Structures are given as C-alpha cells and as structure tokens.
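K.L.:
Below is a structure I'd like to ask you about.
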Amino acid sequence: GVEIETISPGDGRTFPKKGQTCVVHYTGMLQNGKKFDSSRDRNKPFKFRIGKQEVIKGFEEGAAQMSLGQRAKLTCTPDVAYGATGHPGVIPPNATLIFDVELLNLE
C-alpha cells in the first residue's frame, strides 16, 4: 500500500538499487495530525542504505520507486509500519503515516 504522488522534476531514470547508500530529506506528518519527525530540522539528511531492513516497510518500497531529484508523497498503510504495536508515546496504534520525501543521494 504505497501511493506515490510525485512532485515532478528530477530525471526518472536513475533508480536506487541494492548495495547503494542513499540520502533523503524526509518530513513526517500525521493524518489529521501534526508533525512527528523532520530531517529538515537537524540539517543531517539521513544517510541510509537499501536492503538491510533499516527503515520501515512502507518507506522502503517508495524509496525504490523514486529517482534522483524527485519529490514524492508517501501514504503508507498501518500494518506495514506500526499499526499493531504503535511506537511508544510517539506513534499511536493503528495509524496511517504521511511523508514528504525528496531523494538527493549519491552512489
């Protein structure tokens, strides 16, 4: 359940692959709710790789469906991220997650 709502520009040809460490300006958003996380604030744009189950499932699928310079809009189902448990005090159980994602990576 990954819905991409693309802010257009970029290249559309250089997709992320396995063995690649990539850099993402993310920004969290709760559906009918406020923010909960922001890479824009810390000024450290979250270096991470693909294929080690580092991030949640709903963020991992949308990262491969982007390219360099693109700006997407993730909409993840509750079951792929936190819906049964809920991250304690931060994410309630059975919650739908909204992300503002832009990929500006290397490799």
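By order in the structure tokens, chains are A, B, ...; within a chain, residues start at 1; ligands start at 1, following the order shown.
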Would you mind listing what lies within 8 Å of residue 49 of chain A as a ChimeraX atom specification, with only C-alpha atoms counted and same-chain residues fewer than 6 positions away left out?
P.N.:
/A:18-22
K.L.:
Just to be explicit: take each residue in the selection above, keep C-alpha atoms, and write the result as a PDB file, in the first residue's frame.
P.N.:
ATOM      1  CA  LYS A  18      20.802  -2.790  -3.648  1.00  0.00           C
ATOM      2  CA  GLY A  19      24.223  -2.055  -2.235  1.00  0.00           C
ATOM      3  CA  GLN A  20      23.561   1.683  -2.540  1.00  0.00           C
ATOM      4  CA  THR A  21      23.637   4.160   0.340  1.00  0.00           C
ATOM      5  CA  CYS A  22      21.187   6.981  -0.283  1.00  0.00           C
TER       6      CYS A  22
END
K.L.:
Taking only residues of segment 12-54 of chain A that have an atom at most 9 Å from an atom of segment 62-82 of chain A, what is each one's shortest atom pair and its distance in Å to one decimal, using only C-alpha atoms, in chain and number order, as a Markdown table?
P.N.:
| residue | atom | partner | partner_atom | distance |
| --- | --- | --- | --- | --- |
| A:12 | CA | A:67 | CA | 5.3 |
| A:13 | CA | A:67 | CA | 6.4 |
| A:14 | CA | A:67 | CA | 5.3 |
| A:15 | CA | A:67 | CA | 4.7 |
| A:16 | CA | A:64 | CA | 5.4 |
| A:17 | CA | A:64 | CA | 7.1 |
| A:24 | CA | A:63 | CA | 9.0 |
| A:50 | CA | A:64 | CA | 8.6 |
K.L.:
Name the residues of chain A that come out as strand (DSSP E or B) in a backbone DSSP run; write them as a list in words.
P.N.:
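Matching residues, listed in order: residues 2, 7, 21, 22, 23, 24, 25, 26, 27, 28, 29, 30, 38, 47, 48, 49, 71, 72, 73, 74, 75, 76, 97, 98, 99, 100, 101, 102 and 103 of chain A.
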K.L.:
Tell me, as a PyMOL selection string, which residues lie within 12 Å of residue 34 of chain A, counting only C-alpha atoms; anything in the same chain fewer than 3 positions away does not count.
P.N.:
chain A and resi 27-31+37-38+90-91+97-99
K.L.:
Can you work out which one of A:5, A:100, A:107, A:11 has the shortest atom-to-atom distance to residue 59 of chain A, counting only C-alpha atoms?
P.N.:
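That would be A:100, the residue with the smallest distance to residue 59 of chain A.
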K.L.:
Could you tell me how far atom CA of residue 2 of chain A lies from atom CA of residue 40 of chain A, in Å and to one decimal?
P.N.:
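Between atom CA of residue 2 of chain A and atom CA of residue 40 of chain A the gap is 22.7 Å.
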K.L.:
Among chain A, which residues carry a DSSP assignment of alpha helix (DSSP H), reported as JSON, numbers by chain?
P.N.:
{"A": [39, 40, 41, 42, 57, 58, 59, 60, 61, 62, 63, 64, 78, 79, 80, 81]}
K.L.:
Which polymer residues have any atom within 10 Å of an atom of residue 44 of chain A, counting only C-alpha atoms, with same-chain residues fewer than 5 positions away left out, as a VMD selection string?
P.N.:
chain A and resid 23 to 25 39
K.L.:
Record the distance separating atom CA of residue 96 of chain A and atom CA of residue 32 of chain A, expressed in Å with one decimal.
P.N.:
9.5 Å
K.L.:
Quick one, how far is atom CA of residue 36 of chain A from atom CA of residue 52 of chain A?
P.N.:
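Atom CA of residue 36 of chain A sits 24.1 Å away from atom CA of residue 52 of chain A.
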